[PDB]
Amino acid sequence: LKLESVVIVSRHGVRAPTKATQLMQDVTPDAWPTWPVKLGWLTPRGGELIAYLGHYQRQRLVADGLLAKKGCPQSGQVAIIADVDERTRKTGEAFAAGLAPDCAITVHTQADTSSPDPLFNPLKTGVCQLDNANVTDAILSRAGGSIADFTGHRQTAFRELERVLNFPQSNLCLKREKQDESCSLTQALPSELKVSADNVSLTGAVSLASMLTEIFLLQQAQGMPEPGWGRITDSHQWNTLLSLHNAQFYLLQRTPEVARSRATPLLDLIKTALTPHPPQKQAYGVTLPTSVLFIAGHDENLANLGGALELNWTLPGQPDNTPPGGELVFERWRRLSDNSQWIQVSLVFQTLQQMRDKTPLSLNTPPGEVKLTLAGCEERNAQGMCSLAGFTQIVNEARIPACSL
């Protein structure tokens, strides 16, 4: 096999929390550690972890014969697209700095950076709408029939989060006691599914827990001295904590009734980058197809793509299934025996310890990687890849044309 093309859909790197709410204060007697950047911004350490991934990808793509060992990629051989958020733009630059240092590869965004880019979520600008009833029933079914069923099967992990928070000594709990009580997160903050034409979310403990366990993970990856006030001490605890974050993404972002719509512009972009065709300037002034395309997005995007293309995974050593800097990697491979075209999909990521130790990455110290398979592919090769035609058929089935740009 010979590597012809690669599209990397990446989550942004380590960032500060996006919000600092009263409820976050009320559920723990302890003080949340402060962060060195504004809310939701990439930290400098976050960018350094992304550059490690970019350096590794250069070494890997050189070894695969797609990029030259020395010099800068010439004229669009590498292209970078990023969401308008600071954290995604800065992730773009960090990846370029690791992959091709001092080559000044442009980080393209949409023209207006003060407005949402529908590429990373067409619901957000009203390009299309979700089907309310179908989404409600689909999500509730994946939760086990109800959100009460969902949280009941997860009390062990909610109890883990309460211990790390010292929830019993929190303001919320102390009040509950003066008031007949139930000092449990799930019952103090009942969770409801809210489905609108442009969004779905959970209220209450489910969404609070998804956010708090992710913050814990970000503290660890940021190198903070004692994440979770020092109360997270082994990998079992880390996995149990982030299972609440992963479960919320399983419901809200992997569900096909949400994922297929939300992922349609990215699906179109991916297919455009991977399909052989006379090179032509398309979205963002980027010429496609080309050799490497890096797209700096969000964890909803990785989850959306996973849900739409029936790609299932868990990340060994990385409690967050859609971690900072995690990469959904699409590759087009040409089989020399008959010159047929094949698509390979992988999830490339830093383990939590590689982020904790700021481990420089290389061929001899690679990031983790999980081989994926498109569950619906009818034509696979011995190595698990889907034929170009099979992948194209799968994409055309999964995408929602009303959600296209």
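All residue numbers are counted from 1 along the displayed sequence.
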Comparing 13-21 with 378-386, the one whose average Cα B-factor in the PDB entry is higher: 378-386
Stretch with the greater mean C-alpha B-factor as recorded in the entry, comparing 148-156 against 261-269: 148-156
Which of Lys281, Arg89, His298, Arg332 ranks first by CA B-factor in the deposited coordinates: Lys281
Selection from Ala96, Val286, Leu130, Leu217 [criterion: highest C-alpha temperature factor in the record]: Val286
For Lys358, the third of its chain into which the C-alpha B factor falls: middle
Chain-relative CA temperature factor third for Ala398: lowest
Entry-reported Cα temperature factor of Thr43, expressed as the chain third it lands in: middle
Third of the chain's Cα B-factor distribution that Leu61 belongs to, per the entry: middle
Chain-wide C-alpha B factor ranking for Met224, given as lowest, middle or highest third: middle
